[PDB]
Amino acid sequence: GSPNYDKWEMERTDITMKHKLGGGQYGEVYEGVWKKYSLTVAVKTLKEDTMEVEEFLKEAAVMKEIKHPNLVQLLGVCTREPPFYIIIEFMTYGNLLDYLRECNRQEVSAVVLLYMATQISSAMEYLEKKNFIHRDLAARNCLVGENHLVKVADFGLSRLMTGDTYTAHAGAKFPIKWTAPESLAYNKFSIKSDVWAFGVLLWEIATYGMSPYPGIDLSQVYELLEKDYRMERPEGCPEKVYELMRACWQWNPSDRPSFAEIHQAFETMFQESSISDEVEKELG
Ligand SMILES: Cc1ccc(C(=O)Nc2ccc(CN3CCN(CCO)CC3)c(C(F)(F)F)c2)cc1C#Cc1cnc(C(N)=O)n1C
């Protein structure tokens, strides 16, 4: 309506900033409130101060293109002057890994685990359709809201998480146990390497958040996969889910299913499971 208008830019002072979320392990992300709309939000900030600026602007540019119920949805940014903000709606229960690790398993039952897998595969089919590559798909990068809503996110954690999730590899930091063989060896990433990660993410969901490849040194992971060793089916994981899991972990990326195929398979399984569940609960 005026020369300097940008439909994504918000006024920083519209937001009340509160506490840092995730103890620093998720970088500079704060809880906030968009006062005018009575909406609790999460806010990522750069905070002045030279040097990370390009990747912050790239993240904002990417998020302006992503609109899907199971992917985080940009509400606004402040990128005219520092501190920069990227703002999305707050998701009540935080990241999926800690959610699985702290949940009430009578509440988060097999049918809910399938619902969450289904939602994640929906988000990935959307990204695949748009030709985007996630590059770090894992439970720690998924978010949980009310009624077991899941949204895929990305917190650029390689630089931020401490401990052994990420370790030095090809000069950067890789989550070795989520990383496709072609990505570890040849540094090639694609939607098929995301598919491989999705398989590991399915194993996280099935085990309620166990760390992958239990008791195996990160240094032996590539050699094992090369011999065709794969993680075993976790207790209680249905056979059909383990089969999809195994397809995601085919050595040759072109041999992995597409997210369109995966999502179709989950929707089927979830609908099957939902029926069987309404029936069994309808006893009493
Ligand atoms: C404030 C905030 C800002 C940004 C994001 C965010 O997820 N950014 C993002 C950036 C890029 C991409 C896609 N690319 C990945 C890299 N790729 C590299 C290139 O291969 C390109 C494709 C995606 C994706 F994956 F979802 F689409 C998300 C999350 C939050 C949050 C939050 C929040 C909500 N509730 C809570 C809570 N309770 O504590 N918190 C913490």
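We count from 1, first residue shown onward.
For this deposited structure, the header notes the method as X-ray crystallography, 2.0 Å.
The backbone N, Cα and C atoms fix where each Cβ goes, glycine too.
Noted in Swiss-Prot for the protein shown:
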MOD_RES   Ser2  phosphoserine
BINDING   21-29, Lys44, 89-95  ATP binding site
MOD_RES   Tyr26  phosphotyrosine
MOD_RES   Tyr30  phosphotyrosine
ACT_SITE  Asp136  active site, proton acceptor
MOTIF     154-178  motif 'Kinase activation loop'
MOD_RES   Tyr166  phosphotyrosine
MOD_RES   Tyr186  phosphotyrosine
MOD_RES   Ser219  phosphoserine
**Complete:** recorded positions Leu21, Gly27, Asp136, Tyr166, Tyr186: those with Cβ under 6 Å from an atom of ligand 1 are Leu21
**Request:** Check the Cα-Cα distances from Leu21 (ATP binding site) to the modified residues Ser2, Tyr166, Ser219 and tell me which is shortest.
**Result:** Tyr166
**Item:** Sparsest-packed among the modified residues, when each Cβ's other Cβ atoms within 10 Å are tallied, from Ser2, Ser219
**Value:** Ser2
**Request:** Have a look around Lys44 (ATP binding site) and count the other CB atoms within 10 A of its CB, chains all included.
**Result:** 22
**Prompt:** Looking only at DSSP and grouping its letters into three states, which state does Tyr30 (phosphotyrosine) belong to?
**Reply:** strand
**Prompt:** When DSSP states are folded down to helix, strand and coil, where does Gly94 (ATP binding site) land?
**Reply:** strand
**Request:** Whole-number Å only: compute the distance from the Cα of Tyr30 (phosphotyrosine) to the Cα of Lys44 (ATP binding site).
**Result:** 6
**Prompt:** Does anything in the same chain, at least 6 positions from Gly27 (ATP binding site), have a Cβ under 8 Å from its Cβ, and if so what?
**Reply:** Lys44, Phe155, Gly156, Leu157, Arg159, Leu160
**Message:** I'd like the number of other C-beta atoms within 10 A of the C-beta of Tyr26 (phosphotyrosine), please.
**Reply:** 21
